[PDB]
Every structure is written in structure tokens, then in C-alpha cells.
Amino acid sequence: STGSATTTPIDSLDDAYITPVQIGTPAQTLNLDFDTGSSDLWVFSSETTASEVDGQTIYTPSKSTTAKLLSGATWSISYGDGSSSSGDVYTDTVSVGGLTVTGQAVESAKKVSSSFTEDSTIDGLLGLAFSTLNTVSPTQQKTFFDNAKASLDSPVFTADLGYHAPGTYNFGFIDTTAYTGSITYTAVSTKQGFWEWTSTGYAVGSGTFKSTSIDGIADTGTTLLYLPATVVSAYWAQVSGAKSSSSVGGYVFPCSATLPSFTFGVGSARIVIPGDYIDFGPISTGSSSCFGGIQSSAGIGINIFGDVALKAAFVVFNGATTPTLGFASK
Ligand SMILES: NCC[C@@H]1CCCC1(F)F
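The sequence shown finishes on residue 327 if you use the working numbering, and the numbering steps up by one all the way, no holes.
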């Protein structure tokens, strides 16, 4: 089998991407944030505290003839931005882009933190990291990809995120028309539960490439590119007036600037992020200070190749017995 679904930016900045997902019988379509950095499929639901729902579409398990309570199971997750959610668990039929999994754990939120409530465009998350990170207790549950894997034509999914435009998540096949040149594959460590890999270096603009190993994760659920402070300082030093602002929470730059590109290495290959992809717009409405799309990972404990990086590439998440990542230009 295969599946193919379009993923759409939630706003004009590409702050996140939503993909329609069919849950239950008859189908209830919710728009989920596909997150290769986590491993829970959770949704706003008829069980979510009413004051914490503000415009989201909810899953109502009582209206699904295929829903079954997963008796005794609970879940609770916290993310790197400090947001969180928790609740109980149903199994149900879940389809993405024509690919159907029966018996998928659908984690129904009883509580969500304020940042989820305040984002009316995201109805939940669909985790695509390794199932070892799934938070369901006392019986850990498998991701949608892990459940689908054996049925897929090939044990892979691909992320093709757009810059200020829709893109595609495919399951089970590699669309050879969706990228240019060849795909360069690179080793993955699953020791932390992530799609963790080692970039071979970077360049700023037209500058010379610096060969240096940068361990990090491919994370569709993180907006920006988070890299070591040395690398990030070298980038922003090429932008007149850019500075790190503690009050804002990262590097800002004059909105009048033209940003240089940023290149990262994948083995001997190179992925070029155009400068415009690094512009996250005014820090507040009407400000002439703009927020940068490359930020330091110093406070995080891990480097994160988030959407800013991934949207410059066609990315293969290869879930074979030994997982690997592939990157192509597009
Ligand atoms: N997108 C899931 C959240 C990520 C995983 C590693 C660091 C982080 F919390 F930011």
C-alpha cells in the first residue's frame, strides 16, 4: 500500500504545517501537525476541557463505530517549547492520504496547554519519531508509521515541505519526480528515539564550506533551524545590524536586510537554504525588527533541523531494519 497527503502551512510564515487525517467510522477529518520529533498521535476531542478548546475540530469517539477505549491507558507529553497535553486513549481506524491503519492508538486530550488552545488551526499532532518515545502508559503504543510499515510497498515516508506553499507527505514510496539530482542517504541513530543524524558541515552565503560534524535531528514539528552557537554567530555576523536579543528570545535582524543563504552538508552533498526561508518577519506587528529562522541550540541540548532546513529538501525517512535519512535538492 501507499498514501499521499498534502501538507499546508498554517500561516504566512510557515510556522507549522497541517495535514488532513481521517479518524473513525464515519470518518472525522482533523488537521494534524505531522511531527517527526515525537511519537504520539493525539487529538482535541469531545473529552477536552471546554475552556481549552477555541476553534479546533474535535474527535468524538462516541460517534465512531470503530472506536474502542484502550482501557486503563493514559498519556502525557511535554514539548521543547514548554507546551503540553494529556488524556486517555482509544483505538480506531486512521487514514492518511488513502493509507489506512486499523487499531491505531488515538490519544484523546483531556487537557492541553495554552499554546495549543490559542492555535485554532492545529487539531492535534501525529508523531513520526520512533515508537520508543510514545508516552502511553502502562502499554506503550506504536506510531501510525510503525503500524503501517509492514503493509507499505517500501518501509519509508517522505517529507516535501513547501516554502510559503503546500507540500506533500508520502508513505510507502519515493516520488522520483519530486526532487532534482540524486538522494544522498546518511546514517541514523535511534538511541534517543529521534531521526538523529550527523551533518558534515555548513556554509554561509557564498562563503567557503566548513567541514565539521553537526549531530542533530530531522524534526518536521520544529519551525526553525537550531544549531550550535558558533555556527549561528557565523551566520548572523553576515547580516548588518543582526544581534541576539535576550528580551525577544533569539537573533533578530533589521527587516530591511537581504539575508544570505545557509548551506548544510549531507555526506558529500549540499542542501542550500535560500535567505528568504530564514526570515520570520516582524517580532511584533509593525516592528522593523525581524525574527531569524536560524537560532542557537545552546539552551535545548540537541541541534534541530526543523522546517527551515527540511523545506529546502526532499527528505526520505527510511524505516528499514537499519533506518537512514535521505536528502535531495528540489
Ligand atoms: N517536535 C518535537 C519536540 C522536539 C524534539 C527534540 C526537541 C524538541 F522538544 F524541541
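Beta carbons are placed, not taken as given, at the ideal position from N, Cα and C, and that holds for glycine.
- Within the segment 149 to 235, the runs of alpha helix (DSSP H) that reach at least 4 residues and sit entirely inside it are, in chain order, 226 to 233.
- Put simply, the backbone Cα of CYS252 is about 13 Å away from that of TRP233.
- Relative to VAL305, the option among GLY218, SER208 and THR209 whose CA is nearest is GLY218.
- Proximity of the beta carbon of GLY79 to ligand 1 is not indicated: no heavy atom of the ligand is located closer than 7 Å.
- By a beta-carbon distance limit of 8 Å, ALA239 contacts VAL249. Their separation comes to about 7 Å.
- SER128 sits in a helix when the DSSP states are folded into three classes.
- Straight across, the Cα-Cα distance linking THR63 with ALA70 is about 18 Å.
- In this structure, ligand 1 has no non-hydrogen atom nearer than 7 Å to the beta-carbon of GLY290.
- Annotated three-state conformation of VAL133 is coil, per DSSP.
- Bounds of the beta strand (DSSP E) holding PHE288 are 286 to 289.
- Annotated as proximal: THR181 and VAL263, with beta-carbon spacing under 8 Å.
- If you draw a straight line from the Cα of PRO6 to the Cα of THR205, it comes to about 33 Å.
- The nearest non-hydrogen atom of ligand 1 is 7 Å or more from the C-beta of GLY121.
- DSSP places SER112 inside the alpha helix (DSSP H), whose first and last residues are 111 to 114.
- Placement of the Cβ of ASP32 at a distance of less than 7 Å from at least one heavy atom of ligand 1 is found.
- DSSP, read as helix, strand or coil, puts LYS308 in coil.
- In this structure, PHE302 sits away from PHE154, with a CB-CB distance that is not shorter than 8 Å.
- Under the three-pair Cβ rule at 8 Å, the segment 119 to 135 counts as touching the segment 177 to 194.
- In the assembly as shown, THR4 is a buried residue. Its beta-carbon has 16 or more other beta-carbons within 10 Å.
- Judged by pairs of C-beta atoms under 8 Å, the segment 44 to 53 does not touch the segment 5 to 25, as fewer than three such pairs exist.
- Of the heavy atoms belonging to ligand 1, none sits nearer than 7 Å to the Cβ of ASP212.
- Assignment of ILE74 by DSSP, reduced to helix, strand and coil, places it in the strand class.
- DSSP, reduced to helix, strand and coil, places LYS240 within a strand of the structure shown.
- If you draw a straight line from the Cα of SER241 to the Cα of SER110, it is about 28 Å long.
- The beta carbon of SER36 sits closer than 6 Å to those of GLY124, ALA126, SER128, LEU130, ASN131 and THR140, all from its chain and outside the five residues before and after it, given in chain order.
- Counting only runs of 3+ residues, the beta strand (DSSP E) found wholly inside the segment 20 to 98 occupies 25 to 32, 38 to 40, 65 to 75 and 81 to 93, in chain order.
- For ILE7, the three-state secondary structure derived from DSSP is coil.
- Residue range 266 to 270 is occupied by the beta strand (DSSP E) that includes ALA266, with no alpha helix (DSSP H) assigned at that position.
- Look at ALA317 here: in three-state DSSP terms it is coil, with no helix or strand label.
- Just so you know, the alpha carbons of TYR274 and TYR176 end up roughly 18 Å apart.
- Looking at the DSSP output, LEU123 sits in a beta bridge with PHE31 and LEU38.
- Collapsing the DSSP output to three states places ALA2 in a strand.
- Relative to the non-hydrogen atoms of ligand 1, the Cβ of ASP216 comes within a distance shorter than 7 Å of at least one.
- In the same chain as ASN300, and ignoring 5 residues on each side of it, the C-beta atoms closer than 8 Å to its own belong to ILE211, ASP212, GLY213, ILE214, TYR223, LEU224, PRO225 and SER294, in chain order.
- With contacts defined as CB atoms closer than 8 Å, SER82 and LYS65 fail to qualify as a contacting pair.
- For ligand 1, a non-hydrogen atom lies closer than 7 Å to the CB of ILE299.
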